[PDB]
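>>> My sequence and its experimental structure, below.
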Amino acid sequence: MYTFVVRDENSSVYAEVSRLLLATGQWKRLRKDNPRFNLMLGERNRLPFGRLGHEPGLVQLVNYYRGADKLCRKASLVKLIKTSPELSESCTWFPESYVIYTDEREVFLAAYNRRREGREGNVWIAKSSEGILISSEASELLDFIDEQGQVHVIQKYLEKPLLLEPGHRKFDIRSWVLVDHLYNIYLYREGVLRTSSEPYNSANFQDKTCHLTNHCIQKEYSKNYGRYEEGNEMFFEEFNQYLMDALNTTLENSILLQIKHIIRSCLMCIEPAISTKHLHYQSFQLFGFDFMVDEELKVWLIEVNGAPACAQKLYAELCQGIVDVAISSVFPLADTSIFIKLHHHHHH
Amino acid sequence: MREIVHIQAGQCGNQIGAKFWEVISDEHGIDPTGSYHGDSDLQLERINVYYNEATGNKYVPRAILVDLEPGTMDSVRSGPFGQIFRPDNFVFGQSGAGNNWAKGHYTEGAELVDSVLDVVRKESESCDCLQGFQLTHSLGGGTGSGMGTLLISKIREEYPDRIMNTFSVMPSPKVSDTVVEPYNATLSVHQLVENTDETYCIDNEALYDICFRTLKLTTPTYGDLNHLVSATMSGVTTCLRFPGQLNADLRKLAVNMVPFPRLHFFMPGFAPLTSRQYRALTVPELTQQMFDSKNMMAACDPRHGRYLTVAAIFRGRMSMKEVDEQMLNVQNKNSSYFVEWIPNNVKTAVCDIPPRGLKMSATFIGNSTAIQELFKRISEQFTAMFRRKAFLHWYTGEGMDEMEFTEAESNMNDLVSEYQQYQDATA
Amino acid sequence: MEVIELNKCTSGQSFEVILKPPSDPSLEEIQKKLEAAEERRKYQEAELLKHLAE
Amino acid sequence: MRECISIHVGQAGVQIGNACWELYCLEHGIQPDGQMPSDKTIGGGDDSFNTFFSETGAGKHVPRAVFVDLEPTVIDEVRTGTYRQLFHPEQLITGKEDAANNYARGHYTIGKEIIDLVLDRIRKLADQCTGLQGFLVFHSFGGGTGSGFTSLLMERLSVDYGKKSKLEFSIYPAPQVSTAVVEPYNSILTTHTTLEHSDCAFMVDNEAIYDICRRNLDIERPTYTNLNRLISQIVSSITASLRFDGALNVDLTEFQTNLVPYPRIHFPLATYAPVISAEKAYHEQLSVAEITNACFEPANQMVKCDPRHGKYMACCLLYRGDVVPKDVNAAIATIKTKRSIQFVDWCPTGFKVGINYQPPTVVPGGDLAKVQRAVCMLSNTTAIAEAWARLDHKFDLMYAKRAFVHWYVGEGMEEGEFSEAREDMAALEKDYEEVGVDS
Ligand SMILES: Nc1nc2c(ncn2[C@@H]2O[C@H](COP(=O)(O)OP(=O)(O)OP(=O)(O)O)[C@@H](O)[C@H]2O)c(=O)[nH]1
Ligand SMILES: Nc1ncnc2c1ncn2[C@@H]1O[C@H](COP(=O)(O)OP(=O)(O)CP(=O)(O)O)[C@@H](O)[C@H]1O
Ligand SMILES: Nc1nc2c(ncn2[C@@H]2O[C@H](COP(=O)(O)OP(=O)(O)O)[C@@H](O)[C@H]2O)c(=O)[nH]1
Ligand SMILES: [Ca+2]
Ligand SMILES: [Ca+2]
Ligand SMILES: [Ca+2]
Ligand SMILES: [Cl-]
Ligand SMILES: [Mg+2]
Ligand SMILES: [Mg+2]
Ligand SMILES: [Mg+2]
């Protein structure tokens, strides 16, 4: 009998992982505060990594990577991309971004000025880790940021997104990645497109229901929520069919290659900082990567989410995959794959 | 922290006391005459915890034998090791105590107690560094129960900074001399809660059931019961009698086992259970058996409570790697039964010398909140008689008032409630 | 990566390497504390012996 | 030359002292009778080894050492064993009954009755020093003497030798070898009363030493003898610069100025490599780069924590054997490209390096193989606070129910010292976090 504790009640994903573990008859759940567990489904903040791996007679495993926040908070992600040679300031798949409360405010306006100088489109979006402003006026960016309290990032708004027809609408792609205790990188074969149900209007950035594809803001402010697909959620079979029908390509060739490239780059970059290869406790973690596709079929990384929920029709399959490859790999049960393993060894 | 002074009181206390001295004398290679005839210096390294050295290379148990009748102590003097005891250490009356706690505590026993303390004092004064006292006695009769707890009170007065340890046999209607045993036991427990540091609750209920169900003895005798007691007593004193790291003296044991001063009543266990067999026992089997409710000497269901602290002792040549692995498996696979607000509350000892007739054995000492079942049982039998004031005249005739019974009952019910407090506390 | 303050001897050597520049109670109070604790011990003992005398 | 007095307190401190002084005698060529043929200045001298040994007119080299224990059986083994002739009776101090795993019993009850005798025997050695620099104090966190007597001793040494430096080697409690449920109490209590009196403290978690012995020495179930021989090698690494010619960490003061910028954060993490079993029939000797890389593996640290998730304030590399600077710098260059080494913004990113050319001595018949080069890293990293978080959590669990507290109150301690000590630790945990984490 393996044992585990549950310390994040609000987790859609691990609520289901828990229930699945029970239903095997080989996993006993324990009180939140009992230390004699094999598996910690931990809290989201101030998880006590320092207390793990000191129980004699217990291989211990936790569902978070200490240090993963560097990827999963937008300010740190910008810092990580700019300062790491393995990603670089030259990186082609991350939008131009600056951290604003070192602070890079003057660095921001110098590149903005050749936009003014260059007859380039120059709208930017300001976000933090509600509170999103899109505008081609720097003055209104920095004005907005400080009557709020905390750190913000200013990122170039992608002016020419790929728009689905019918609808002339926007979308983003959510990819679910599971990294196991051996640092294999598994991409769940099902993604989801979080669609806008409103037509994209390049002329009014003050209205954000055609500019923000978050599932809540469409369930909230938008006339046409659900018009084209269930819950503004187009899955991969349909999106592939559309790309074949409309653009004469596949999802694999035009978008997924880049997504896999970006996922491996990000994760192989922080691997030395967070790997548990020879640690006294071990880690896995589920990430959600958010991507945008411009009209040239170029993929851009938006942000990385350290505590993602799933799409409701995918919970069952994903969560069985977590227990399969992340939990039973370490703790086997008594006597094809939904994941794509991301590995690539080019010799040069 | 070397010398322990041993006191055995009354019929039961002297019968198990004698068997205890027989068993550990054989373990230490001491023969009925006090002469050492052993093969190992592990036998003598801590011999002076229990034995005095008399010239002629003679070892004399630091043992005082007390009774209000001479009968059972004449039997000890005639038994196999009776010659080993120091003749001056036999302190007896003639009156008897009539299975009457009041006679033992207040009338007959008061007459004799000063001579017992003269002998205790003379043994204490010859001690380089006295740790304290162990008393063997029953709670259901009169001498061991009433005079024993009187002795404990007087010893604490004269040595308030030494440890007081008892082996206390609890009465049971299944193995019963008289109907007043619940009265004597309740009055005694009241004393024990205040004036001992550690008490091994030996339940005549459990010893009978082990003899009946497990060892297939159809009509158990006191002899068969005491074989279980002397083997358990040998086990729980191993850490005091041989070189070792853990619980090696009475005060360190108390510090490891007693988190709250009143909750100091322990449930002992032994494996493998033997009657007065050639199959070898594996370390996994020793470990499952020592934790088995059927190997506990206090008739309480460990699953009905929670372990506050556990001390485990393994005896024999075996693999310490396997011992540690198996102990860790018990706690990790039944973790809910060990309180989580006392981290690492299970401590383990291994001693290379096994007891006679076994190559491997294990002794369990648990401070469980399930012991409340024992006191609830005594409390119900008490109340059933006390609500009609039945059989009280035997006590009021010795000067006692009913109010003393009401107080002892209330204090024992408080002890039950304090165990229930910690069985529910969650952290 | 600058090596500095190299010192050598017959038994060994030492040096520093920089990768990057920089971006009580008195005796009386004690014997007081040990005496307050000793008196707390003697009080508890006297209270026990008072109760045993009752 | 300035002298160092070693003080060994309680079972852990005394038995580790045994292992260290044995190793010292092997390393310096001092025989069990105290004779040292290679010392040509008979009856005196101010050589480097004299910081740890004095000399008699008869040529006997005597440790500047005091052994203190509240019960006699452990120091009686010193009095009676291989190195009995090394020590003067006046240097071995025993009580009759011990502290029963109880900090208050060792500090208040029993400490009060023996502190004066100990300080007088310490004064005996100080009197034969032309220029005493201070003290090295070996003890466990978890025992009643090791915790309680030491904190009293530390307070009094500050009074009687207020100028002198005081270094600790402290055994942190691990359940796989621990003797008492209350070791978390004793640990916190003694860290609180000792913190201001210690200048630099090297903590050794028995859990880490235990696992190093199982994993790398192939010892199924390590004993104290296995642990202490390994600990003594690390202590030897740390003290070798007091005992041999060199220019790094040559007095106790330099340990503080090299490893401790902030006085309360005075707990450097030690990491040692390589640990190789003497029964390994075929071993390929490890290079400078490989042993140096191993200094950044948590599995080789004296305390399991993760320095990738804290920050460094200082780092010292202490090499023994066939090592030259250029191979150290080459190994450091490679390691910096491959590893998360972050210093606090107000300290230089760098390493102080000491090399002694004599490879580590090992005890004949012991468990450690001889190796051609070895290193001990001393790094002041905030990640060691993980160990304080483990201890403080255990302390909180028991103390919230006042479990076992009556054993301490019964010795004259006030219940409030518990929460005073625990608040101090809380301040310590927050100091480490201020220094080592950004928002
Ligand atoms: N590494 C190592 N740890 C030890 C040794 N001896 C004891 N310990 C550890 O120290 C703690 C026990 O404290 P001790 O030093 O034995 O106790 P003490 O200082 O003698 O104090 P009292 O016996 O209570 O008077 C436990 O955590 C032990 O595992 C040893 O020789 N080596
Ligand atoms: N440079 C950019 N160009 C165009 N659109 C952008 C953009 N940056 C963000 N967006 C839009 O912002 C929205 C997502 O904002 P954000 O990255 O802050 O998500 P979020 O953290 O608030 C919710 P979750 O983490 O659950 O996905 C998307 O709809 C995206 O189209
Ligand atoms: N286990 C055990 N119990 C005994 C023995 N003798 C008596 N008892 C129990 O002790 C109680 C009677 O007390 P006893 O010791 O005979 O009376 P005392 O001489 O006045 O102290 C009853 O519970 C008996 O069951 C014995 O040899 N072994
Ligand atoms: Ca009379
Ligand atoms: Ca000389
Ligand atoms: Ca000072
Ligand atoms: Cl001074
Ligand atoms: Mg009888
Ligand atoms: Mg008299
Ligand atoms: Mg000791």
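Received it, and whenever you're ready, just let me know what you need. Numbers count the residues shown, from 1 in each chain, chains lettered A, B, ... in the order given. Ligands and ions are numbered 1, 2, ... in the order given.
>>> CA only for contacts and neighbour counts going forward, please
OK.
>>> how close does the residue of the stretch 151-300 of chain B found nearest ligand 5 sit to residue D:171?
In the stretch 151-300 of chain B, the residue that lies nearest ligand 5 is residue B:245 (40.7 Å; C-alpha to the ion). Taking C-alpha to C-alpha, to the nearest Å as the measure, residue B:245 falls 16 Å from residue D:171.
>>> what about the two, which has more around it?
Between residue B:245 and residue D:171, residue D:171 has the larger neighbour count (other C-alpha atoms under 10 Å in any protein chain shown), namely 25 against 14.
>>> Secondary structure element holding that one?
Residue D:171 belongs to strand D:165-172 when assigned by DSSP states H and E.
>>> Direction included, what does that strand pair up with?
Strand D:165-172 sits in its sheet next to strand D:134-140 (parallel), strand D:200-205 (parallel), going by DSSP bridges.
>>> any idea which of these is most buried?
strand D:134-140 (a mean of 25; mean count of other C-alpha atoms under 10 Å in any protein chain shown).
>>> Near residue A:204, how many other residues are there?
Using other C-alpha under 10 Å, residue A:204 has 12 neighbouring residues.
>>> just residue B:217 next, same as before
15.
>>> In chain D, which residue sits nearest ligand 7?
For chain D, C-alpha to the ion, closest residue to ligand 7: residue D:161, 3.6 Å.
>>> Next up, the contacts around that residue.
Residues near residue D:161 by C-alpha atoms under 8 Å, 6 or more residues apart in numbering or on different chains: none.
>>> try 10 Å
Contact partners of residue D:161, counting by C-alpha atoms under 10 Å, 6 or more residues apart in numbering or on different chains, are D:123, D:126, D:132, D:133, D:134, D:135.
>>> what are the ranges of the helices in chain A?
Taking DSSP state H, the helices of chain A run over residues A:12-22, A:69-72, A:74-83, A:105-118, A:138-146, A:215-221, A:236-242, A:251, A:257-274, A:315-321.
>>> Likewise for the stretch 151-300 of chain D?
D:183-194, D:206-217, D:224-243, D:252-259, D:288-293 (DSSP state H, counting those that start in this stretch).
>>> Looking at these, which one is packed in the most?
Stretch with highest mean neighbour count among the helices of the stretch 151-300 of chain D: helix D:183-194 (a mean of 24; mean count of other C-alpha under 10 Å).
>>> contacting residues for the residue in the stretch 101-250 of chain B that chain D sits nearest to?
Chain D sits closest to residue B:246 of the stretch 101-250 of chain B, with a gap of 5.5 Å, by C-alpha to the nearest C-alpha. Applying C-alpha under 10 Å, 6+ apart to residue B:246 gives the contacts B:239-240, B:252-253, B:256, B:311-313, B:347-350, D:177-180.
>>> change it to 8 Å
B:239, B:347, B:348, B:349, D:179, D:180.
>>> again, but for residue A:240
Residue A:240 touches A:250, A:251, counting by C-alpha under 8 Å, 6+ apart.
>>> how about 10 Å then?
A:246, A:247, A:249, A:250, A:251, A:252, A:254.
>>> Tell me the buried residues within those residues.
Buried by 16 or more other C-alpha atoms under 10 Å in any protein chain shown: A:250, A:251, A:254, out of these.
>>> picking up where we left off before, how about the strand holding residue D:171 as PDB, C-alpha atoms only?
Provided in PDB are the C-alpha atoms of strand D:165-172 (Å, rounded to 0.1, in the frame of the first residue of the first chain):
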ATOM      1  CA  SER D 165      37.100  32.800  19.400                       C
ATOM      2  CA  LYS D 166      34.700  29.900  19.800                       C
ATOM      3  CA  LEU D 167      34.000  27.300  17.100                       C
ATOM      4  CA  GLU D 168      31.500  24.400  17.300                       C
ATOM      5  CA  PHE D 169      31.200  21.000  15.700                       C
ATOM      6  CA  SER D 170      27.600  20.100  16.300                       C
ATOM      7  CA  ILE D 171      25.800  16.800  15.600                       C
ATOM      8  CA  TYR D 172      22.300  17.500  14.400                       C
END
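>>> Whether that strand contacts ligand 7 - can you check?
No: taking C-alpha under 5 Å from the ion as the criterion, strand D:165-172 and ligand 7 are apart, separated by no less than 9.4 Å.
>>> picking up where we left off before, Throw the buried ones among the contacts of residue A:240 into CSV and include distance to ligand 5, thanks.
Formatted as CSV, the buried ones among the contacts of residue A:240 follow (distance: C-alpha to the ion, whole Å):
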residue, distance to ligand 5
A:250, 86
A:251, 83
A:254, 82
